[PDB]
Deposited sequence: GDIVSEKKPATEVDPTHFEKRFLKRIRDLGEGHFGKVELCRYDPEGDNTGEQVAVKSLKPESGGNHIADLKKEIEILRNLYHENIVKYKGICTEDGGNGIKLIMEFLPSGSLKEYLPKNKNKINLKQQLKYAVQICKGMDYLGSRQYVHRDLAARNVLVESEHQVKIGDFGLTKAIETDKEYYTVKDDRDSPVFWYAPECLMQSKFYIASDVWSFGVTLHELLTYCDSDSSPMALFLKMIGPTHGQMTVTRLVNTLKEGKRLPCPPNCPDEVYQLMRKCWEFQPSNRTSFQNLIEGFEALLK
């Protein structure tokens, strides 16, 4: 008799689903090698009132971004950037937008407001985020100031997980294959030499990130700048080897100006050449807390 259609089942609204047609690009926020993040307004009413979100997509790998999304989705911590959702057909990760941006952007513009005490609190907060990540059996592999987002003058959050990887149960490390675009000047020796990644490797990276925090992410003070000073800036493809050598010799980044030795000693506990000799995120927390009392 009559044209048979399907009975429409009552459609809910998934608050973690962002319709592409309503996601309006405002501007670029930053990139990785294969990923990029844009500021957008999710503006379903079309009057520029919608919330601002950070949208992560692939540069023209889908499986790695899906993995990153599964990681972020199930991380619940105040020092971890918030998952808001996804936008699907292909996929985009939707996160909270932090207007102060990363430490690289915020620190140089707010030096006057940010004293050693606030920096130690950030450092504490970065350790708590990382420790949490470590308890989820993840290694981050990209801990640097550019990935530490400023929520407020009193709060930072780890704001990217493009390189994050689970470590198998009953295993101490993750062996990486693709290492082309490694942040070598943030990387522990075991990473630079054997492509192995421990939680301890992230402790090393934190030391370098802490050093960035302490130099207010000044570009002329970056671990890359300073390292290319110690080893030479014109070794091309021998750079990494020259790096591993220097580190073998016991050379590390120098103490930041106006950084008390006691803070610098916690930093150097991070840069123990052997992973088993490095401090842990919880000991760093205890250390920093000690300095704040």
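**Q** Compare what was deposited with what's modelled and send me the C-alpha-less stretches, numbered from 1.
**A** No C-alpha coordinates exist for 61-65, 95-98.
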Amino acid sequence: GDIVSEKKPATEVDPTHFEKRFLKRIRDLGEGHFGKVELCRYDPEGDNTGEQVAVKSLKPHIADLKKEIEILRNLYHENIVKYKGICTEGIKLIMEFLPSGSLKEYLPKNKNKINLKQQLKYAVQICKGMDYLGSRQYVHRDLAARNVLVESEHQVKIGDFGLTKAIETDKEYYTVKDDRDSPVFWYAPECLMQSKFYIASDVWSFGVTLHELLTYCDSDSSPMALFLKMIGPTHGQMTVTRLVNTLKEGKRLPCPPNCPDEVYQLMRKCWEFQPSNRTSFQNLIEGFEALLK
From here on, numbers count along this sequence of modelled residues.
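Only the largest set of C-alpha atoms that superpose within 1.5 Å between the two forms is called the rigid core.
**Q** Taking the root mean square of C-alpha distances over all structures and residues in 9 other deposited structures of this protein, with a rigid core superposition, name the larger of 142-150 and 173-181.
**A** Between the two stretches, 173-181 moves farther in 9 other deposited structures of this protein.
**Q** Where both flanking residues are modelled in the other PDB entries compared, is residue 89 itself missing in a third or more?
**A** Yes: coordinates for residue 89 absent from at least a third of the compared entries.
**Q** Mean C-alpha B-factor higher for 9-17, or for 280-288?
**A** On average, C-alpha B-factors are higher across 9-17.
**Q** As stated in the PDB record, which stretch has the larger average Cα B-factor, 132-140 or 175-183?
**A** Mean C-alpha B-factor is greater for 175-183.
**Q** Go through 242, 67, 59, 41 one by one and give the residue whose Cα B-factor in the PDB entry is largest.
**A** The record points to 59.
**Q** In terms of recorded Cα temperature factor, pick the maximum from 45, 28, 51, 262.
**A** Most elevated C-alpha B-factor of the set, per the entry: 45.
**Q** For residue 191, does the deposited CA B-factor place it in the lowest, middle or highest third of the chain?
**A** Residue 191: CA B-factor falls in the highest third of its chain.
**Q** Classify residue 166 as lowest, middle or highest third according to the C-alpha B-factor given in the PDB entry, relative to its own chain.
**A** Tercile = highest for this residue's CA B-factor.
**Q** Check where residue 220 lands among this chain's C-alpha B-factors and tell me if it's the lowest, middle or highest third.
**A** Ranked within chain, residue 220 CA B lands in the highest tercile.
**Q** Using only modelled residues of the chain, where does the Cα B factor of residue 202 rank: lowest third, middle third or highest third?
**A** Residue 202: CA B-factor falls in the middle third of its chain.
**Q** Based on the deposited C-alpha B factors for this chain, I'd like to know if residue 208 is in the lowest, middle or highest third.
**A** Its C-alpha B-factor, which the entry lists for residue 208, ranks in the lowest third among residues of this chain.
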